[PDB]
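Read through the structure below, which is laid out as structure tokens, and then see the notes.
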Protein chains: 2
Amino acid sequence: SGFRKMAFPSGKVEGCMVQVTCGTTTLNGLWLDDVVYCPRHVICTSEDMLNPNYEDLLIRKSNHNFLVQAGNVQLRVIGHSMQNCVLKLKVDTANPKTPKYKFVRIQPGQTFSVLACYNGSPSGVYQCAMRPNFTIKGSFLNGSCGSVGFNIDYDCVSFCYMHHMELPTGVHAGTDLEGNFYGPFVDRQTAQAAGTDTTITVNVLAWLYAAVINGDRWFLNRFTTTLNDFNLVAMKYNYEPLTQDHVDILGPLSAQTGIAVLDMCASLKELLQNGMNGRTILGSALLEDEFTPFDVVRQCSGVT
Amino acid sequence: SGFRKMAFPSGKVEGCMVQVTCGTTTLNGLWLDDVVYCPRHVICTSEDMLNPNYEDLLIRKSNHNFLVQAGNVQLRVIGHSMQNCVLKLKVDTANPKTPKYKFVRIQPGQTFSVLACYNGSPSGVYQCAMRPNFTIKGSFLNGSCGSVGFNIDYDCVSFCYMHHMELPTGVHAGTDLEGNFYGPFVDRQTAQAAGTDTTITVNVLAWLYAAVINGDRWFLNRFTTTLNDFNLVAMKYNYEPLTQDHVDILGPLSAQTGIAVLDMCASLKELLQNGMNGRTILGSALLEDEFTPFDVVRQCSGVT
Ligand SMILES: CN(C)c1ccc(N(Cc2cscn2)C(=O)Cn2nnc3ccccc32)cc1
Ligand SMILES: CN(C)c1ccc(N(Cc2cscn2)C(=O)Cn2nnc3ccccc32)cc1
């Protein structure tokens with residue numbers, strides 16, 4: 001029993017982190033096989049970031065201008081290319097610690113672990129979610145760029161995020177491992193404001209199921225609702241619309257607890273309308289939305 | 001910017017996890033050098049746990065009755081001994097992945113990361129704190145026993161906790177790596193109730209400092225207090241008494257923000273008396289107490 005915001009064990013990703021320096025800029029890179037992936041803004045000075053022309057800036061860079069250090073050993077760069085907003089630095093040595101891996105582009109509402117790094121060294125690991133506005137609420141300082149987000153399915157690491165920037169509002173933006181930003185963000189230090197950070201309804205419901213499984217049941221009421229009625233309330237509270245696809249995904253949690261998905265929706269509707277009244281659910285005074293239904297099953301079943 | 005409940009990178013501890021089976025009981029062990037540490041209740045059946053005589057149960061066990069598997073390879077047990085509530089199984093092979101390590105016994109209020117494991121395989125990593133009542137609020141299922149808690153100082157892992165049990169209230173109890181339980185708990189399935197789970201005041205203040213550093217300042221008021229006046233309020237709210245030692249520990253955060261420790265105490269006093277009024281601090285609707293002042297500095301400075 002007990003329910004925690006749990007990250008994946010980070011070891012497989014730690015063995016991939018390297019330091020990439022270009023000129024006076026140093027950030028992190030991800031070394032998989034004989035390729036090091038890093039944000040393309042490693043070629044920029046702080047001045048360049050205001051209005052960078054990446055193709056033009058990259059012309060002034062050669063393989064020897066990219067310094068890649070894995071631990072305390074230097075890697076030889078034998079090629080470089082820009083793919084969208086990432087650079088791919090081909091090195092002469094395959095990472096001997098390369099885990100089985102995939103590059104995946106996640107959808108909003110999906111969660112992943114971040115291994116925050118500085119100078120190619122891991123500092124910490126935390127769990128977060130791709131917000132519906134395509135930002136993440138991470139913990140990143142200057143030098144954290146190139147830190148990655150990932151999920152693990154037994155022995156395969158699915159890399160889904162690479163850190164690139166912090167918006168003026170303190171929220172974070174980045175790309176998948178093909179260098180495409182999540183959302184409309186660009187790697188330029190300019191006016192970029194995020195859209196509405198709505199609540200991930202399906203994740204809140206999954207977390208209410210986790211609460212029932214772990215003993216917190218005070219919020220279960222005597223009501224039910226329909227998807228349309230629930231969604232009228234969800235819209236009012238800046239919650240994402242719940243679809244039949246989300247109801248289907250919650251099927252296994254509904255089966256385990258014996259609480260119909262629409263009954264849990266009616267409990268959530270009452271929590272939105274009445275508030276918590278100073279009470280807590282799984283040690284939280286707000287409705288948590290960074291656990292997917294798959295995370296709740298994984299944690300409550302002990303998948304390794 | 002941004003502030004997350006961050007765990008230490010778990011790789012160094014993943015390389016130490018093994019599966020220990022004795023008879024029909026399987027749990028996790030920690031392999032450091034040529035010794036595997038595990039809860040002594042690996043020798044018990046579920047029936048034995050009601051009233052176990054560990055010395056008597058251990059007489060019926062020989063080295064070959066302890067099956068230790070590291071990955072998919074079996075380790076040879078050449079000795080076994082009981083130290084307090086842990087067994088030390090001497091194996092014929094030193095763990096080649098043994099990191100630099102220390103065994104430390106932490107004080108209540110101190111935080112650490114837990115690598116939750118099942119069958120010797122890591123499932124996840126989360127951050128938690130030793131509560132003032134010597135319980136931890138973890139996420140552990142049957143089979144998680146022997147999972148460890150630790151802190152990392154650059155390359156040295158300080159192991160501080162080994163999981164042994166879940167109390168009937170869903171909270172967790174365990175030992176240090178010398179096998180001594182934290183608090184008054186015993187490894188017997190009997191009536192063991194935890195004392196008051198008070199709030200770790202110094203950690204709440206550290207987290208309010210982290211909030212100020214990360215932009216959340218709405219709760220800063222125009223007041224100050226004294227340690228004695230603050231403590232009269234802290235007692236009323238089941239918060240731990242704040243000492244001059246705690247004020248000294250918050251000195252660096254007070255210096256960085258320019259907010260005197262007693263002024264932050266007065267802000268906390270007002271939050272206790274007035275509540276949050278539906279507002280949040282660092283995305284939380286309650287006052288978080290599982291970040292120490294050292295954690296706030298580490299995270300806000302990017303220590304690797
Ligand atoms: C290459 N160069 C020196 C540089 C310099 C600054 C940035 N920016 C500015 C920027 C670009 S668009 C919006 N803001 C970053 O956002 C990088 N970054 N990422 N996470 C951070 C957390 C704290 C502080 C800085 C952080 C990128 C590159
Ligand atoms: C050896 N044997 C089969 C066994 C069987 C049961 C236990 N107990 C019972 C107990 C002893 S004192 C209070 N309760 C445990 O608490 C072990 N455990 N630890 N974390 C758990 C989380 C969920 C479920 C079980 C969990 C220990 C050993």
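Simple scheme: letters A, B, ... for chains in structure tokens order, numbers from 1 for residues in each chain, numbers from 1 for ligands in the order shown.
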If you take only C-alpha atoms and all ligand atoms and a cut-off of 12 Å, which residues of chain B touch ligand 1, and what are their nearest atom pairs and distances in Å to one decimal, in chain and number order, as JSON lines?
```
{"residue": "B:1", "atom": "CA", "partner": "ligand 1", "partner_atom_place_in_ligand_line": "23 (C)", "distance": 5.3}
{"residue": "B:2", "atom": "CA", "partner": "ligand 1", "partner_atom_place_in_ligand_line": "22 (C)", "distance": 8.2}
{"residue": "B:3", "atom": "CA", "partner": "ligand 1", "partner_atom_place_in_ligand_line": "22 (C)", "distance": 11.2}
{"residue": "B:214", "atom": "CA", "partner": "ligand 1", "partner_atom_place_in_ligand_line": "23 (C)", "distance": 10.4}
{"residue": "B:300", "atom": "CA", "partner": "ligand 1", "partner_atom_place_in_ligand_line": "23 (C)", "distance": 10.2}
{"residue": "B:301", "atom": "CA", "partner": "ligand 1", "partner_atom_place_in_ligand_line": "23 (C)", "distance": 10.9}
{"residue": "B:302", "atom": "CA", "partner": "ligand 1", "partner_atom_place_in_ligand_line": "23 (C)", "distance": 10.7}
```
Which of region 29-213 of chain A end up as strand (DSSP E) when DSSP is run on this backbone - answer as a PDB file with N, CA and C atoms, in the first residue's frame?
```pdb
ATOM      1  N   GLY A  29      24.306  15.811 -23.482  1.00  0.00           N
ATOM      2  CA  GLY A  29      23.986  15.035 -24.656  1.00  0.00           C
ATOM      3  C   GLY A  29      23.607  13.619 -24.270  1.00  0.00           C
ATOM      4  N   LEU A  30      22.935  12.944 -25.173  1.00  0.00           N
ATOM      5  CA  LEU A  30      22.482  11.572 -24.972  1.00  0.00           C
ATOM      6  C   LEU A  30      23.224  10.702 -25.968  1.00  0.00           C
ATOM      7  N   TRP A  31      24.049   9.787 -25.483  1.00  0.00           N
ATOM      8  CA  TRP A  31      24.891   8.947 -26.322  1.00  0.00           C
ATOM      9  C   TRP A  31      24.273   7.557 -26.461  1.00  0.00           C
ATOM     10  N   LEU A  32      23.792   7.242 -27.667  1.00  0.00           N
ATOM     11  CA  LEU A  32      23.148   5.957 -27.970  1.00  0.00           C
ATOM     12  C   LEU A  32      23.833   5.433 -29.197  1.00  0.00           C
ATOM     13  N   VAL A  35      26.049   7.745 -31.765  1.00  0.00           N
ATOM     14  CA  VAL A  35      25.496   9.080 -31.999  1.00  0.00           C
ATOM     15  C   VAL A  35      25.220   9.750 -30.656  1.00  0.00           C
ATOM     16  N   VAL A  36      25.579  11.032 -30.553  1.00  0.00           N
ATOM     17  CA  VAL A  36      25.304  11.873 -29.396  1.00  0.00           C
ATOM     18  C   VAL A  36      24.240  12.901 -29.817  1.00  0.00           C
ATOM     19  N   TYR A  37      23.094  12.918 -29.149  1.00  0.00           N
ATOM     20  CA  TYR A  37      22.014  13.847 -29.482  1.00  0.00           C
ATOM     21  C   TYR A  37      22.055  14.966 -28.485  1.00  0.00           C
ATOM     22  N   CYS A  38      21.923  16.198 -28.939  1.00  0.00           N
ATOM     23  CA  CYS A  38      21.886  17.328 -28.026  1.00  0.00           C
ATOM     24  C   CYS A  38      21.100  18.474 -28.627  1.00  0.00           C
ATOM     25  N   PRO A  39      20.644  19.457 -27.825  1.00  0.00           N
ATOM     26  CA  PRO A  39      19.944  20.605 -28.413  1.00  0.00           C
ATOM     27  C   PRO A  39      20.858  21.342 -29.385  1.00  0.00           C
ATOM     28  N   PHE A  66      32.943  20.425 -31.539  1.00  0.00           N
ATOM     29  CA  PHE A  66      31.995  19.830 -30.619  1.00  0.00           C
ATOM     30  C   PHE A  66      32.791  18.938 -29.695  1.00  0.00           C
ATOM     31  N   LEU A  67      32.906  19.324 -28.444  1.00  0.00           N
ATOM     32  CA  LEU A  67      33.657  18.553 -27.460  1.00  0.00           C
ATOM     33  C   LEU A  67      32.713  17.679 -26.682  1.00  0.00           C
ATOM     34  N   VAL A  68      32.896  16.368 -26.794  1.00  0.00           N
ATOM     35  CA  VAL A  68      32.000  15.431 -26.128  1.00  0.00           C
ATOM     36  C   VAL A  68      32.795  14.654 -25.133  1.00  0.00           C
ATOM     37  N   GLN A  69      32.400  14.711 -23.859  1.00  0.00           N
ATOM     38  CA  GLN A  69      33.109  14.044 -22.805  1.00  0.00           C
ATOM     39  C   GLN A  69      32.129  13.106 -22.081  1.00  0.00           C
ATOM     40  N   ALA A  70      32.496  11.823 -21.987  1.00  0.00           N
ATOM     41  CA  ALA A  70      31.711  10.765 -21.349  1.00  0.00           C
ATOM     42  C   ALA A  70      32.505  10.400 -20.117  1.00  0.00           C
ATOM     43  N   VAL A  73      36.442  10.958 -20.072  1.00  0.00           N
ATOM     44  CA  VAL A  73      37.107  10.611 -21.316  1.00  0.00           C
ATOM     45  C   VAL A  73      36.438  11.300 -22.500  1.00  0.00           C
ATOM     46  N   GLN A  74      37.272  11.805 -23.390  1.00  0.00           N
ATOM     47  CA  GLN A  74      36.853  12.530 -24.558  1.00  0.00           C
ATOM     48  C   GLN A  74      36.479  11.587 -25.687  1.00  0.00           C
ATOM     49  N   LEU A  75      35.366  11.875 -26.353  1.00  0.00           N
ATOM     50  CA  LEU A  75      34.914  11.098 -27.502  1.00  0.00           C
ATOM     51  C   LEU A  75      35.278  11.832 -28.779  1.00  0.00           C
ATOM     52  N   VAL A  77      34.594  13.118 -32.393  1.00  0.00           N
ATOM     53  CA  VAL A  77      33.472  13.431 -33.260  1.00  0.00           C
ATOM     54  C   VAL A  77      33.860  13.286 -34.724  1.00  0.00           C
ATOM     55  N   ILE A  78      33.231  12.336 -35.419  1.00  0.00           N
ATOM     56  CA  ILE A  78      33.534  12.091 -36.826  1.00  0.00           C
ATOM     57  C   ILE A  78      32.439  12.546 -37.807  1.00  0.00           C
ATOM     58  N   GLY A  79      31.399  13.191 -37.305  1.00  0.00           N
ATOM     59  CA  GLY A  79      30.337  13.706 -38.156  1.00  0.00           C
ATOM     60  C   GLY A  79      29.331  14.485 -37.353  1.00  0.00           C
ATOM     61  N   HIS A  80      28.649  15.423 -37.991  1.00  0.00           N
ATOM     62  CA  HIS A  80      27.606  16.168 -37.304  1.00  0.00           C
ATOM     63  C   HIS A  80      26.534  16.567 -38.267  1.00  0.00           C
ATOM     64  N   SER A  81      25.299  16.530 -37.787  1.00  0.00           N
ATOM     65  CA  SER A  81      24.185  16.937 -38.628  1.00  0.00           C
ATOM     66  C   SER A  81      23.080  17.495 -37.771  1.00  0.00           C
ATOM     67  N   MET A  82      22.269  18.375 -38.348  1.00  0.00           N
ATOM     68  CA  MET A  82      21.165  18.964 -37.628  1.00  0.00           C
ATOM     69  C   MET A  82      19.876  18.326 -38.097  1.00  0.00           C
ATOM     70  N   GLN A  83      19.080  17.792 -37.171  1.00  0.00           N
ATOM     71  CA  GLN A  83      17.773  17.242 -37.515  1.00  0.00           C
ATOM     72  C   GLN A  83      16.763  18.028 -36.728  1.00  0.00           C
ATOM     73  N   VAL A  86      17.583  19.325 -32.989  1.00  0.00           N
ATOM     74  CA  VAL A  86      18.676  18.607 -32.345  1.00  0.00           C
ATOM     75  C   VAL A  86      19.868  18.452 -33.269  1.00  0.00           C
ATOM     76  N   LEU A  87      21.053  18.334 -32.668  1.00  0.00           N
ATOM     77  CA  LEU A  87      22.240  17.962 -33.396  1.00  0.00           C
ATOM     78  C   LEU A  87      22.511  16.493 -33.089  1.00  0.00           C
ATOM     79  N   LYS A  88      22.977  15.786 -34.088  1.00  0.00           N
ATOM     80  CA  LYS A  88      23.399  14.403 -34.017  1.00  0.00           C
ATOM     81  C   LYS A  88      24.891  14.410 -34.296  1.00  0.00           C
ATOM     82  N   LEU A  89      25.677  14.100 -33.288  1.00  0.00           N
ATOM     83  CA  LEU A  89      27.117  14.097 -33.398  1.00  0.00           C
ATOM     84  C   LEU A  89      27.537  12.649 -33.500  1.00  0.00           C
ATOM     85  N   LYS A  90      28.056  12.247 -34.650  1.00  0.00           N
ATOM     86  CA  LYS A  90      28.502  10.883 -34.825  1.00  0.00           C
ATOM     87  C   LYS A  90      29.880  10.779 -34.166  1.00  0.00           C
ATOM     88  N   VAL A  91      30.047   9.824 -33.267  1.00  0.00           N
ATOM     89  CA  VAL A  91      31.327   9.602 -32.610  1.00  0.00           C
ATOM     90  C   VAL A  91      31.953   8.300 -33.097  1.00  0.00           C
ATOM     91  N   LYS A 100      18.561  -1.114 -24.745  1.00  0.00           N
ATOM     92  CA  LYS A 100      17.589  -1.240 -25.847  1.00  0.00           C
ATOM     93  C   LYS A 100      16.762   0.040 -25.789  1.00  0.00           C
ATOM     94  N   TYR A 101      16.535   0.686 -26.933  1.00  0.00           N
ATOM     95  CA  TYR A 101      15.839   1.961 -26.918  1.00  0.00           C
ATOM     96  C   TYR A 101      14.993   2.205 -28.141  1.00  0.00           C
ATOM     97  N   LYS A 102      14.045   3.119 -27.979  1.00  0.00           N
ATOM     98  CA  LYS A 102      13.153   3.613 -29.008  1.00  0.00           C
ATOM     99  C   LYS A 102      13.023   5.120 -28.796  1.00  0.00           C
ATOM    100  N   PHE A 103      12.688   5.831 -29.849  1.00  0.00           N
ATOM    101  CA  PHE A 103      12.374   7.256 -29.760  1.00  0.00           C
ATOM    102  C   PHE A 103      10.897   7.335 -29.973  1.00  0.00           C
ATOM    103  N   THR A 111       2.857  10.689 -19.091  1.00  0.00           N
ATOM    104  CA  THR A 111       3.872  10.956 -18.088  1.00  0.00           C
ATOM    105  C   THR A 111       5.191  10.320 -18.482  1.00  0.00           C
ATOM    106  N   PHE A 112       6.270  10.795 -17.874  1.00  0.00           N
ATOM    107  CA  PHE A 112       7.587  10.244 -18.110  1.00  0.00           C
ATOM    108  C   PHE A 112       8.518  10.682 -17.008  1.00  0.00           C
ATOM    109  N   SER A 113       9.687  10.031 -16.903  1.00  0.00           N
ATOM    110  CA  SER A 113      10.674  10.425 -15.921  1.00  0.00           C
ATOM    111  C   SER A 113      11.706  11.325 -16.572  1.00  0.00           C
ATOM    112  N   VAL A 114      12.234  12.289 -15.828  1.00  0.00           N
ATOM    113  CA  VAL A 114      13.299  13.167 -16.320  1.00  0.00           C
ATOM    114  C   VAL A 114      14.539  12.918 -15.479  1.00  0.00           C
ATOM    115  N   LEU A 115      15.690  12.735 -16.118  1.00  0.00           N
ATOM    116  CA  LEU A 115      16.944  12.627 -15.424  1.00  0.00           C
ATOM    117  C   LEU A 115      17.611  13.971 -15.620  1.00  0.00           C
ATOM    118  N   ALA A 116      17.478  14.866 -14.636  1.00  0.00           N
ATOM    119  CA  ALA A 116      18.068  16.201 -14.711  1.00  0.00           C
ATOM    120  C   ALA A 116      19.576  16.046 -14.601  1.00  0.00           C
ATOM    121  N   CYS A 117      20.307  16.644 -15.526  1.00  0.00           N
ATOM    122  CA  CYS A 117      21.755  16.566 -15.615  1.00  0.00           C
ATOM    123  C   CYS A 117      22.378  17.909 -15.764  1.00  0.00           C
ATOM    124  N   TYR A 118      23.642  18.032 -15.342  1.00  0.00           N
ATOM    125  CA  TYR A 118      24.474  19.226 -15.511  1.00  0.00           C
ATOM    126  C   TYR A 118      25.876  18.738 -15.845  1.00  0.00           C
ATOM    127  N   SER A 121      26.475  15.044 -16.017  1.00  0.00           N
ATOM    128  CA  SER A 121      26.342  14.268 -14.803  1.00  0.00           C
ATOM    129  C   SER A 121      24.936  14.347 -14.224  1.00  0.00           C
ATOM    130  N   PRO A 122      24.376  13.183 -13.874  1.00  0.00           N
ATOM    131  CA  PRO A 122      23.011  13.167 -13.335  1.00  0.00           C
ATOM    132  C   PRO A 122      22.917  13.776 -11.944  1.00  0.00           C
ATOM    133  N   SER A 123      21.928  14.635 -11.763  1.00  0.00           N
ATOM    134  CA  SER A 123      21.703  15.307 -10.493  1.00  0.00           C
ATOM    135  C   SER A 123      20.477  14.743  -9.778  1.00  0.00           C
ATOM    136  N   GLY A 124      19.457  14.348 -10.536  1.00  0.00           N
ATOM    137  CA  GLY A 124      18.251  13.817  -9.926  1.00  0.00           C
ATOM    138  C   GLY A 124      17.242  13.310 -10.913  1.00  0.00           C
ATOM    139  N   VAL A 125      16.240  12.601 -10.404  1.00  0.00           N
ATOM    140  CA  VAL A 125      15.222  12.042 -11.260  1.00  0.00           C
ATOM    141  C   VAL A 125      13.851  12.309 -10.685  1.00  0.00           C
ATOM    142  N   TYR A 126      12.955  12.774 -11.531  1.00  0.00           N
ATOM    143  CA  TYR A 126      11.584  13.052 -11.097  1.00  0.00           C
ATOM    144  C   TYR A 126      10.609  12.699 -12.187  1.00  0.00           C
ATOM    145  N   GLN A 127       9.359  12.546 -11.801  1.00  0.00           N
ATOM    146  CA  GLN A 127       8.304  12.184 -12.703  1.00  0.00           C
ATOM    147  C   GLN A 127       7.509  13.408 -13.064  1.00  0.00           C
ATOM    148  N   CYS A 128       7.123  13.510 -14.328  1.00  0.00           N
ATOM    149  CA  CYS A 128       6.280  14.626 -14.747  1.00  0.00           C
ATOM    150  C   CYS A 128       5.344  14.230 -15.903  1.00  0.00           C
ATOM    151  N   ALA A 129       4.567  15.182 -16.440  1.00  0.00           N
ATOM    152  CA  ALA A 129       3.652  14.894 -17.530  1.00  0.00           C
ATOM    153  C   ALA A 129       3.768  15.952 -18.585  1.00  0.00           C
ATOM    154  N   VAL A 148      17.055  14.385 -20.569  1.00  0.00           N
ATOM    155  CA  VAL A 148      16.008  13.695 -21.283  1.00  0.00           C
ATOM    156  C   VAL A 148      14.906  13.148 -20.390  1.00  0.00           C
ATOM    157  N   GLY A 149      13.768  12.911 -21.026  1.00  0.00           N
ATOM    158  CA  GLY A 149      12.576  12.300 -20.465  1.00  0.00           C
ATOM    159  C   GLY A 149      12.413  10.945 -21.129  1.00  0.00           C
ATOM    160  N   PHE A 150      11.927   9.980 -20.359  1.00  0.00           N
ATOM    161  CA  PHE A 150      11.827   8.631 -20.880  1.00  0.00           C
ATOM    162  C   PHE A 150      10.847   7.800 -20.075  1.00  0.00           C
ATOM    163  N   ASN A 151      10.440   6.691 -20.656  1.00  0.00           N
ATOM    164  CA  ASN A 151       9.668   5.656 -19.987  1.00  0.00           C
ATOM    165  C   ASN A 151      10.454   4.350 -20.205  1.00  0.00           C
ATOM    166  N   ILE A 152      10.247   3.355 -19.341  1.00  0.00           N
ATOM    167  CA  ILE A 152      10.928   2.070 -19.511  1.00  0.00           C
ATOM    168  C   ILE A 152       9.896   0.965 -19.538  1.00  0.00           C
ATOM    169  N   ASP A 153       9.980   0.065 -20.522  1.00  0.00           N
ATOM    170  CA  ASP A 153       9.097  -1.096 -20.594  1.00  0.00           C
ATOM    171  C   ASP A 153      10.050  -2.272 -20.471  1.00  0.00           C
ATOM    172  N   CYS A 156      13.550  -1.926 -22.284  1.00  0.00           N
ATOM    173  CA  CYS A 156      13.614  -0.984 -23.397  1.00  0.00           C
ATOM    174  C   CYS A 156      13.301   0.420 -22.931  1.00  0.00           C
ATOM    175  N   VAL A 157      14.238   1.340 -23.126  1.00  0.00           N
ATOM    176  CA  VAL A 157      14.004   2.745 -22.772  1.00  0.00           C
ATOM    177  C   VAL A 157      13.383   3.470 -23.961  1.00  0.00           C
ATOM    178  N   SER A 158      12.206   4.070 -23.777  1.00  0.00           N
ATOM    179  CA  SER A 158      11.586   4.881 -24.816  1.00  0.00           C
ATOM    180  C   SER A 158      11.871   6.333 -24.470  1.00  0.00           C
ATOM    181  N   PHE A 159      12.785   6.961 -25.210  1.00  0.00           N
ATOM    182  CA  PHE A 159      13.098   8.365 -24.977  1.00  0.00           C
ATOM    183  C   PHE A 159      11.999   9.199 -25.608  1.00  0.00           C
ATOM    184  N   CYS A 160      11.435  10.145 -24.862  1.00  0.00           N
ATOM    185  CA  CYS A 160      10.334  10.953 -25.382  1.00  0.00           C
ATOM    186  C   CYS A 160      10.574  12.436 -25.302  1.00  0.00           C
ATOM    187  N   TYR A 161      11.573  12.901 -24.555  1.00  0.00           N
ATOM    188  CA  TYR A 161      11.751  14.341 -24.379  1.00  0.00           C
ATOM    189  C   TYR A 161      13.201  14.691 -24.247  1.00  0.00           C
ATOM    190  N   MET A 162      13.580  15.846 -24.756  1.00  0.00           N
ATOM    191  CA  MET A 162      14.917  16.406 -24.539  1.00  0.00           C
ATOM    192  C   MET A 162      14.663  17.860 -24.157  1.00  0.00           C
ATOM    193  N   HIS A 163      15.261  18.307 -23.058  1.00  0.00           N
ATOM    194  CA  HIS A 163      15.038  19.661 -22.570  1.00  0.00           C
ATOM    195  C   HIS A 163      15.727  20.715 -23.398  1.00  0.00           C
ATOM    196  N   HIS A 164      15.009  21.789 -23.769  1.00  0.00           N
ATOM    197  CA  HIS A 164      15.646  22.865 -24.537  1.00  0.00           C
ATOM    198  C   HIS A 164      15.534  24.201 -23.857  1.00  0.00           C
ATOM    199  N   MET A 165      14.370  24.496 -23.250  1.00  0.00           N
ATOM    200  CA  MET A 165      14.210  25.837 -22.727  1.00  0.00           C
ATOM    201  C   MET A 165      13.257  26.035 -21.607  1.00  0.00           C
ATOM    202  N   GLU A 166      13.392  27.216 -20.995  1.00  0.00           N
ATOM    203  CA  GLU A 166      12.460  27.641 -19.986  1.00  0.00           C
ATOM    204  C   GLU A 166      11.779  28.895 -20.510  1.00  0.00           C
ATOM    205  N   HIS A 172       8.569  24.672 -18.836  1.00  0.00           N
ATOM    206  CA  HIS A 172       9.602  24.153 -19.699  1.00  0.00           C
ATOM    207  C   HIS A 172       9.098  23.633 -21.045  1.00  0.00           C
ATOM    208  N   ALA A 173       9.958  23.750 -22.039  1.00  0.00           N
ATOM    209  CA  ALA A 173       9.650  23.292 -23.385  1.00  0.00           C
ATOM    210  C   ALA A 173      10.823  22.526 -23.954  1.00  0.00           C
ATOM    211  N   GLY A 174      10.499  21.569 -24.799  1.00  0.00           N
ATOM    212  CA  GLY A 174      11.516  20.738 -25.406  1.00  0.00           C
ATOM    213  C   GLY A 174      10.994  19.959 -26.566  1.00  0.00           C
ATOM    214  N   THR A 175      11.828  19.045 -27.035  1.00  0.00           N
ATOM    215  CA  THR A 175      11.556  18.300 -28.233  1.00  0.00           C
ATOM    216  C   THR A 175      11.469  16.811 -27.966  1.00  0.00           C
TER     217      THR A 175
END
```
Legend entry - Protein and nucleic acid residues within 10 Å of ligand 2 (only C-alpha atoms and all ligand atoms) as a ChimeraX atom specification: /A:1-2 /B:22-27,39-51,138-147,163-174,185-192
Inset, instruction - Enumerate, as an MDAnalysis selection string, the complete set of residues in region 48-133 of chain A that a backbone-based DSSP assignment places in alpha helix (DSSP H). - result: chainID A and resid 54:59
Those same residues, written as a short mmCIF file (atom, residue, chain, number, x, y, z; two decimals), in the first residue's frame with C-alpha atoms?
```cif
data_model
loop_
_atom_site.label_atom_id
_atom_site.label_comp_id
_atom_site.auth_asym_id
_atom_site.auth_seq_id
_atom_site.Cartn_x
_atom_site.Cartn_y
_atom_site.Cartn_z
CA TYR A 54 20.89 27.88 -36.89
CA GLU A 55 21.93 26.87 -40.43
CA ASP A 56 24.21 29.92 -40.65
CA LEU A 57 25.67 29.41 -37.18
CA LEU A 58 26.28 25.74 -37.91
CA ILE A 59 28.38 26.60 -41.06
#
```
Inset, instruction - Identify which of the residues A:28, A:304, A:257, A:110 lies closest to chain B, counting only C-alpha atoms when measuring atom-to-atom distances. - result: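 Between A:28, A:304, A:257, A:110, the residue approaching chain B most closely is A:304.
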Legend entry - Interatomic distance, CA of residue 133 (chain B) to CA of residue 201 (chain B) (Å, one decimal):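 Between CA of residue 133 (chain B) and CA of residue 201 (chain B) the gap works out to 14.1 Å.
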Inset, instruction - Determine, counting only C-alpha atoms, which protein, DNA and RNA residues have an atom within 12 Å of an atom of residue 71 (chain A); residues of the same chain fewer than 5 positions away are not included. Present the result as a ChimeraX atom specification. - result: /A:14-20,28,31,95,119-122
Legend entry - Point-to-point distance from CA of residue 273 (chain B) to CA of residue 211 (chain A), Å rounded to tenths: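 Computed distance, CA of residue 273 (chain B) to CA of residue 211 (chain A), equals 28.3 Å.
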Inset, instruction - Figure out the distance between CA of residue 197 (chain B) and CA of residue 220 (chain A), please, to one decimal in Å. - result: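 Distance reported for this atom pair: 25.4 Å.
Within 7 Å of region 276-281 of chain A there are residues 211, 216, 271 and 285 of chain A, counting only C-alpha atoms and ignoring same-chain residues fewer than 4 positions away.
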How would the residues just chosen look if you wrote them out with N, CA, C and O atoms as a PDB file, in the first residue's frame?
```pdb
ATOM      1  N   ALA A 211      -6.383   5.995  -5.148  1.00  0.00           N
ATOM      2  CA  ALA A 211      -6.769   6.359  -3.789  1.00  0.00           C
ATOM      3  C   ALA A 211      -7.716   5.296  -3.199  1.00  0.00           C
ATOM      4  O   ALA A 211      -7.484   4.812  -2.081  1.00  0.00           O
ATOM      5  N   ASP A 216      -8.110   5.375   0.682  1.00  0.00           N
ATOM      6  CA  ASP A 216      -8.743   6.693   0.795  1.00  0.00           C
ATOM      7  C   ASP A 216     -10.023   6.647   0.012  1.00  0.00           C
ATOM      8  O   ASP A 216      -9.983   6.633  -1.218  1.00  0.00           O
ATOM      9  N   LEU A 271     -16.231  16.697  -6.157  1.00  0.00           N
ATOM     10  CA  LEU A 271     -14.998  17.289  -5.623  1.00  0.00           C
ATOM     11  C   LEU A 271     -14.714  18.633  -6.290  1.00  0.00           C
ATOM     12  O   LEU A 271     -14.181  19.537  -5.648  1.00  0.00           O
ATOM     13  N   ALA A 285      -3.824  17.838  -1.148  1.00  0.00           N
ATOM     14  CA  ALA A 285      -4.999  18.698  -0.975  1.00  0.00           C
ATOM     15  C   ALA A 285      -5.559  19.212  -2.329  1.00  0.00           C
ATOM     16  O   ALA A 285      -6.500  20.007  -2.352  1.00  0.00           O
TER      17      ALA A 285
END
```
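Comparing the minimum interatomic distances between chain B and each of A:234, A:210, A:104, A:177, counting only C-alpha atoms, we find that A:210 sits nearest.
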Inset, instruction - Skip residue 289 (chain B) itself and residues of its chain fewer than 3 positions away, then list as a PyMOL selection string all residues within 6 Å of it, counting only C-alpha atoms. - result: chain B and resi 200+203-204
Inset, instruction - Name the residues in contact with residue 237 (chain B) at a cut-off of 12 Å, using only C-alpha atoms, excluding same-chain residues fewer than 2 positions from it; report them as a VMD selection string. - result: chain B and resid 196 to 201 230 to 235 239 to 241 268 to 273 275 287
